[PDB]
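Protein chains in written order, with the entry's author numbering: chain C, 1 to 332; chain H, 1 to 258; chain H', 53 to 104; chain L, 1 to 273; chain M, 1 to 323. A prime marks a further copy of an entry chain.
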Amino acid sequence: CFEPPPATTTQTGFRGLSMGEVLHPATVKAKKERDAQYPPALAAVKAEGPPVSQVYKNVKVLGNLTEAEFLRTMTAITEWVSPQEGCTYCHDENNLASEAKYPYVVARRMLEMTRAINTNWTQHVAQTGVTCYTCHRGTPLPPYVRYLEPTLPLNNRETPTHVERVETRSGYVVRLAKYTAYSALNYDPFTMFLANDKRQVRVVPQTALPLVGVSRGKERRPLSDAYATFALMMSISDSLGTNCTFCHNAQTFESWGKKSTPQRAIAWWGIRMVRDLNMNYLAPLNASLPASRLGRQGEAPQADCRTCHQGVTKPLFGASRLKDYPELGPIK
Amino acid sequence: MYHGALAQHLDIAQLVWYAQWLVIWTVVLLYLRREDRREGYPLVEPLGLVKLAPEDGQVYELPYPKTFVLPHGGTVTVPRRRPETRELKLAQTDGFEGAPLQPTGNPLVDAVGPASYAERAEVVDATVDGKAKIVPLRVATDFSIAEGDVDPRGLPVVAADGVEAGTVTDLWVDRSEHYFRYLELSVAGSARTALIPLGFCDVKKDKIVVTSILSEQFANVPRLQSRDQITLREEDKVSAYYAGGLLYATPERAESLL
Amino acid sequence: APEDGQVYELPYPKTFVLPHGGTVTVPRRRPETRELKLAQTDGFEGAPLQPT
Amino acid sequence: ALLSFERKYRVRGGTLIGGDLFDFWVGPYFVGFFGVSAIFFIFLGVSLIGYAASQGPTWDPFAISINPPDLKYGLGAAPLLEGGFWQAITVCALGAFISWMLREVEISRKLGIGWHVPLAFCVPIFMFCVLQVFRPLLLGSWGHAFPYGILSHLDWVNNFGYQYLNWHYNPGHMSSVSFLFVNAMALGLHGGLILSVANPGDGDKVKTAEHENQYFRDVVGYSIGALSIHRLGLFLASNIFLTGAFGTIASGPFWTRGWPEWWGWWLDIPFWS
Amino acid sequence: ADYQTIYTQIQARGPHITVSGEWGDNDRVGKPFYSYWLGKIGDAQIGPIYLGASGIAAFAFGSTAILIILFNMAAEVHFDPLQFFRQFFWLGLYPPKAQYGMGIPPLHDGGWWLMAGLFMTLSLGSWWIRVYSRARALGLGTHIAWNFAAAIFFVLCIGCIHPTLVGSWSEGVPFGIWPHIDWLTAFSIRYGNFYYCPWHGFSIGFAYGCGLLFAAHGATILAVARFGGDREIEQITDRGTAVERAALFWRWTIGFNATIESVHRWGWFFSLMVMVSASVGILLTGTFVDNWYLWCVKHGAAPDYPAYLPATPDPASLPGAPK
Ligand code: BCB
Ligand code: BCB
Ligand code: BCB
Ligand code: BCB
Ligand SMILES: C/C=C1/c2cc3[nH]c4c(c3C)C(=O)[C@H](C(=O)OC)c4c3nc(cc4[nH]c(cc(n2)[C@@H]1C)c(C(C)=O)c4C)[C@@H](C)[C@@H]3CCC(=O)OC/C=C(\C)CCC[C@H](C)CCC[C@H](C)CCCC(C)C
Ligand SMILES: C/C=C1/c2cc3[nH]c4c(c3C)C(=O)[C@H](C(=O)OC)c4c3nc(cc4[nH]c(cc(n2)[C@@H]1C)c(C(C)=O)c4C)[C@@H](C)[C@@H]3CCC(=O)OC/C=C(\C)CCC[C@H](C)CCC[C@H](C)CCCC(C)C
Ligand code: HEM
Ligand code: HEM
Ligand code: HEM
Ligand code: HEM
Ligand SMILES: CC(C)=CCC/C(C)=C/C=C/C(C)=C/C=C/C(C)=C/C=C\C=C(C)\C=C\C=C(/C)CC/C=C(\C)CCCC(C)C
Ligand SMILES: CCCCCCCCCCCC[N+](C)(C)[O-]
Ligand SMILES: CCCCCCCCCCCC[N+](C)(C)[O-]
Ligand SMILES: [Fe+2]
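Here's what the structure looks like:
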């Protein structure tokens, strides 16, 4: 039950502090190859003729694209999301403007979401940006999504054992443990932290002595808040395939400045970003999705850190198609 | 305002830091370091022609005496002045105080260096109910060797020099702890037994091997006054004898290993 | 080493509160910091020093 | 200068190396060849610490830190101020420790007693090497070793643990901790018993070996006995590091994931998954 | 070599010994028997064992505690037996997850935890009486009972005194294998890194020190086993070459030495102080210190290091930053 040396190690803090990444080369290579399946940019087309707003019947988001451009976008979208199904996954065969199929209407909102991420959350995604492929990876149902309960396997392309099935109550603690890097922390950091903006992640005081008036009895937050924040961080670590020292000097988890790496501040934005996506794009899609899509409380599948990162500190090792498809943002 | 604050800068935990340190050094210096001095003090040395002094320091470092009331009668009080009255066959190898001494006779017999015993009581150690505690199995008859182990009674003892030195004749058992502590051997070509503590004995199936001393030196193993009893001071004498072999059984043994 | 003996022989400190303000506490570590113009006349510890 | 009983024991002989040359005492200390080298190394190492410390931003005891080289210097020699000092001090520490160990064998030899103590002292020297020498070697860089600072060495322990997400689930650590706790309890028990028997209270008699055994048979149904509790104690203490070393060596060279996940070999036996 | 220090070469069998106590001698239930293999490294007689009121009391409370824990644990895998055995380590019985203050929690949110906590406490009390009594019955001092008291007090400190002191049951220690472990990290995080708590440092000092001391003591006694050094009681009341040699080994090595009695005092004291320092550290935490690292920073103790990767401002404090 062990991993043969050598291990790849990096340094993320001042020398002698034991801060940095510890990687198993075979594992990194295996993710590298999986992420390598990112289709390349379709060849660029010449911008000839009328905005498709004139040309087509029912184009809201991409209306300013010339025809050749727009069709390039549709070809890309098709290879990113529904390559095995082809164009008809979202379209009526005989009427391309028909919103008849729900993938159509979802895909429209997804174009808006995607352009939002690349335009409005550059503080997380920067000039790497995302495309439909980042989450979907060539299937309509993205392989790593979250419901309002822990579910297993994490990759939904895999087939549940009986115990993994969300219905099987005896498999709960295991469902929860595999989401928090195998710990027994009895909390689900997704529904607590990432689905919405209701809870506060910071639990550690910023004064040496207890402030009178928040430090006794019901004035104080329960210690369970600390376990939850630890659970969320186990989960963040496993999601990016990294450890705490990627982001913290464990000397003082709660300090910034020299006690935190740039990747921590970027992770801070990603938390805000993931909450936006969940609250304003993804959770609403339960209105437009089949019942087969929805969880046991009628929730649309939603996003955590893994949905994009899928075990890597940068999704797809930093690969980008932003310049290739500016339709998808940033929108100036 | 804060729980714990006492001033511009003073808080409870900060003062407990100091108290914690005082409590530690008090117990360590004033208590434990003096309990450490109930044997061997006061330190011995020469003195001058004209010198009047119990030093103050010799008083300060000692604890008040304590007295154990012993289980089968008597008391012992420590610390107490216990001079080594015994004459020692040793010589200054060099001048200075740090210089090691050197035996002038046979160190095994003179009992010096690794061959020294302590001035223990010439009393037979007792079981809780008053019997002699360490006695030969000839005497300890309700005792036995566990089924599985060698019975050395009859086996040859073989000395550091490869030579058979005698024949095991008995084991002495500790009746308080159910634990063998000596073997008794008939010394070859002598009309004597010797005891040998079980720790100097490699117990084989077919012989007992003893590396501390050469076969010639069993002759002078200390002799007990009784045959079936042994005193505390005698145990010290028997044990120390073989221990002395480790340094002294041959001329090589005191010198550098390498 | 602070020798044990150095601890044992001292009393607990006492503090005089001085009449026109201040305190003094004895015993206390009071090194002679001043540079002294003296030389070992001889080798041994008992030897007297000599002004230079 | 001498304990009341000491003089009869102060004989020549027993040295490993050197013979009569340093066979002597300075005060209570035996010197011997290895006392000379112990002192040489201490003085060296401590001088390096003073200089290295003066080159840095503090003379506060708790904040002073002398750290190993950046990872990139690999197993090579680093500039004095960027780890070179740390490399030097590590060599002196090792020389001091091993000298101390060998000096103890010479003392045992002169006294005619067993060598169990210097032997027991090898266990912590070993662990020091696991942390500072072997594990850095397996990972390929001196930069993985711990800094020499009172508090900074705790920051290294901290971060090292959190590199593997939750170090508490490291099975070698679990074993290690367990021996730390048992051994502390047992030292309490053994100390307490020997005192309870020799110091019964009031003016009652000192008790016996039979009592010691009766007490623990009564309380827990077993007593290991007088010699054996000392053998057990040397064992429990020693395994604090001898098992711990495996947990330390495994982290990095043989396991790069969080330690909780290692327990998947159990949880994910497919017959109950 | 002295092989006796490794194992007992020839084992002695003899009729078993009973030391009569002031009471309860009729409660020694069982037949001794003898393990031959155990006898190689220890005394071979296993049993008999004393029962008694406090001991039986202890087993009653203790088992009740265990039933509540295991029953709640069974509830957690929904009384699936195979999942129970599979997930056992991960399963736990938790304190209030919600802030009820010092309010008695509902059964489903910490109520059962408090119950099991109470029965375990009574269990420890009863056992303490047993450990104290037997010494008195046999005419022994009560040193062990006092070392044990410190240990129980520590448990109470992390179990209910600290929770009480800050006014929340939410802070107590879960029952379970991984859960009581996770608490260690939750509690350190909440209180600003326990490495920077002085009494945590003290406690570890004494704990490491127990390792040092029991390694050095156990070794010291095996090294003079040839001189009967194991017979420590009569080496106290009548110093012999064993402990003259033991003392001198240490004097010649480190410059000072104990006696064969005082070394047990050092040991006892070091043992005790692990639990005493630990308790003090817990009584101060939350009560008077909220962030141990900041407390060290306040008092000047903390180390600080250069940036390696660039210093990173709190994004939350940036102007325009969201919440
Ligand atoms: C503040 C720190 C804490 C801590 C930190 C901790 C860590 C960091 C670790 C553990 C670990 C462990 N802890 Mg936890 N812990 C445990 C129990 C446990 C075990 C599951 C395990 C190993 C412990 C061990 O070996 O001890 C020593 C064992 C002793 C003292 C046994 C005594 C034996 C006895 C003398 C034998 C008597 C003889 C026989 C009865 C004879 C029978 C014959 C007769 C009947 C005829 C208990 C029961 C309690 C309390 C208070 O109730 C506790 C409190 C705490 N632990 C604290 C919250 N614990 C380890 C683990 O594996 O976690 C998963 C681990 O790594
Ligand atoms: C966040 C990080 C954590 C962590 C990380 C950690 C690491 C990274 C390691 C340990 C290790 C260890 N931990 Mg863990 N730990 C421990 C306990 C322990 C020890 C049993 C064990 C060995 C320590 C060691 O290597 O000493 C080393 C001591 C040495 C080498 C002594 C050298 C002495 C030398 C020979 C002589 C020195 C002489 C002086 C210079 C002389 C001075 C002269 C003066 C006096 C005159 C407990 C009981 C707990 C609890 C209660 O939570 C805990 C929590 C945690 N540990 C955290 C979860 N721990 C080690 C281990 O074994 O893990 C498996 C280890 O590598
Ligand atoms: C893998 C885990 C490690 C660990 C984890 C650890 C923790 C988590 C804690 C300590 C603590 C301590 N550690 Mg560290 N440690 C220390 C030394 C120390 C002390 C500063 C202090 C108390 C230790 C103690 O009492 O032990 C028992 C030994 C006793 C009672 C005999 C007395 C020893 C004496 C106190 C040693 C003092 C050493 C000098 C300060 C060192 C400088 C020497 C000079 C000559 C240059 C040394 C000398 C070494 C080396 C050489 O290996 C070491 C290795 C390690 N420690 C590992 C890296 N240590 C505690 C502390 O308070 O930190 C500040 C604490 O909280
Ligand atoms: C990330 C988390 C960390 C942490 C968090 C932590 C906490 C939260 C606490 C400690 C505490 C302590 N830690 Mg620290 N720790 C320690 C070592 C230690 C111990 C010296 C001391 C706890 C005392 C103990 O023996 O508990 C084990 C002994 C126990 C529990 C006594 C039990 C006695 C009882 C009578 C037994 C009862 C048995 C019955 C069978 C029970 C039956 C029950 C049934 C009926 C259900 C080391 C050596 C290290 C290293 C090497 O890194 C370390 C790192 C860390 N600790 C991390 C920084 N540690 C404690 C402390 O000292 O704080 C000031 C404390 O509370
Ligand atoms: C499992 C068994 C264990 C065990 C066993 C035994 N333990 C022994 C013996 C046995 C059997 C002895 O025989 C020997 C002894 O004589 O006892 C009195 C000894 C001793 N255990 C000491 C410290 C001790 N034991 C620790 C741990 C265990 N012990 C484990 C638990 C710890 C822990 C845990 O931290 C500490 C700090 C010394 C007091 C003493 C060595 C003196 C020395 O070697 O002098 C020689 C050296 C010096 C006096 C100074 C050297 C200075 C160098 C050059 C410069 C400093 C370098 C350094 C790296 C800076 C780091 C500082 C930073 C991290 C803050
Ligand atoms: C610094 C010093 C320390 C220290 C000190 C000391 N520690 C002591 C003493 C001292 C001095 C004693 O005098 C006392 C003792 O006596 O020793 C022989 C004791 C103890 N330390 C134990 C465990 C320990 N110490 C730990 C730690 C430290 N200790 C620290 C380090 C740890 C840690 C590390 O986690 C652990 C786990 C126990 C063995 C023992 C208490 C038993 C008890 O309190 O029992 C309470 C009673 C019960 C739990 C009864 C129920 C048990 C049965 C099996 C349940 C059966 C269930 C079933 C359903 C029913 C069937 C019934 C059947 C009959 C038909
Ligand atoms: C596959 C290569 C493919 C084709 C072909 C295709 C064509 C297409 C056209 C011509 C339009 C405009 C038609 C009109 O007048 O409304 C159009 C518009 C949208 N499409 Fe499409 N499309 C193909 C594939 C896909 C796939 C696989 C999806 C769903 C994931 C999809 C979705 C959409 C959506 C939504 C629009 C509206 C765009 C807007 O700006 O509002 N198409 N498609
Ligand atoms: C990029 C412009 C883009 C498109 C196109 C797209 C389409 C799309 C479809 C067709 C669905 C419905 C699938 C179904 O059959 O139900 C869908 C669903 C989800 N998406 Fe998507 N998607 C695009 C981009 C992105 C991005 C960048 C992310 C991750 C941030 C993402 C995520 C998801 C998730 C989660 C869902 C809901 C679950 C589901 O209905 O399958 N998509 N997307
Ligand atoms: C590794 C398992 C790990 C631990 C442990 C950890 C802890 C932790 C704590 C205690 C906090 C709270 C800080 C406070 O109370 O003020 C905290 C906060 C954040 N973390 Fe973290 N953290 C671990 C791992 C990681 C990793 C790998 C990263 C970076 C990718 C990271 C980032 C952050 C961020 C951001 C926060 C602040 C949350 C917010 O402000 O909303 N952590 N961490
Ligand atoms: C979930 C809350 C989450 C975390 C945490 C997170 C962290 C993170 C880090 C630390 C980086 C920077 C890594 C570095 O080495 O610099 C990073 C970068 C990107 N992320 Fe992320 N991220 C979280 C969530 C999400 C989600 C849901 C997505 C996809 C919509 C996403 C995307 C990205 C992108 C793109 C980058 C790469 C930026 C680059 O410079 O290449 N993240 N994330
Ligand atoms: C009711 C009011 C108002 C106030 C009461 C306050 C009060 C007294 C509360 C006390 C709370 C306490 C003491 C809580 C303490 C919690 C702590 C210290 C728990 C720590 C550890 C728990 C652990 C490890 C549990 C492990 C799991 C088990 C119990 C499962 C069963 C396993 C066994 C018992 C193994 C037996 C092995 C043995 C036969 C060798
Ligand atoms: C070398 C040691 C091998 C392990 C032997 C295990 C013995 C069981 C421990 C019981 C200890 C009992 N006690 C303290 C009463 O003596
Ligand atoms: C951090 C725990 C500190 C424990 C203190 C241990 C004291 C060691 C013994 C010092 C003895 C010194 N002497 C000879 C001057 O007395
Ligand atoms: Fe002892």
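Note that the Cβ used here is the ideal one computed from N, Cα and C, for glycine as well.
Neighbour-count burial assignment, residue i, 16 or more Cβ in a 10 Å radius
i             : result
residue 7/C   : buried
residue 215/C : buried
residue 93/H' : exposed
residue 13/M  : buried
residue 26/L  : exposed
residue 227/C : buried
residue 148/H : exposed
residue 254/M : exposed
residue 171/M : buried
Length of the line joining the Cα atoms of residue i and residue j
i             : j             : result
residue 63/M  : residue 176/C : 30 angstroms
residue 59/L  : residue 218/C : 44 angstroms
residue 194/C : residue 274/C : 6 angstroms
residue 283/C : residue 108/C : 15 angstroms
residue 76/M  : residue 107/M : 14 angstroms
residue 172/H : residue 236/H : 15 angstroms
residue 314/C : residue 12/C  : 16 angstroms
residue 27/C  : residue 216/L : 54 angstroms
residue 42/H  : residue 103/H : 26 angstroms
Heavy atom of ligand 12 within 7 angstroms of residue i beta-carbon
i             : result
residue 231/M : no
Any non-hydrogen atom of ligand 11 within 7 angstroms of residue i CB
i             : result
residue 62/L  : no
residue 180/M : yes
Cβ-heavy atom distance, residue i to ligand 5, below 7 angstroms
i             : result
residue 173/L : no
Ligand 9 heavy atom lying under 7 angstroms from the CB of residue i
i             : result
residue 234/C : yes
Heavy atom of ligand 13 within 7 angstroms of residue i beta-carbon
i             : result
residue 53/H' : yes
residue 79/M  : no
Is it the case that the segment 218–234 of chain M contacts the segment 278–285 of chain M, given that we only count it when at least three CB pairs across the two stretches are under 8 angstroms? Here the segment 278–285 of chain M does not lie against the segment 218–234 of chain M, with fewer than 3 beta-carbon pairs under 8 angstroms apart.
Report yes or no: do the segment 96–108 of chain L and the segment 93–105 of chain H share at least 3 C-beta pairs separated by less than 8 angstroms? Cβ pair count under 8 angstroms is below three, so no.
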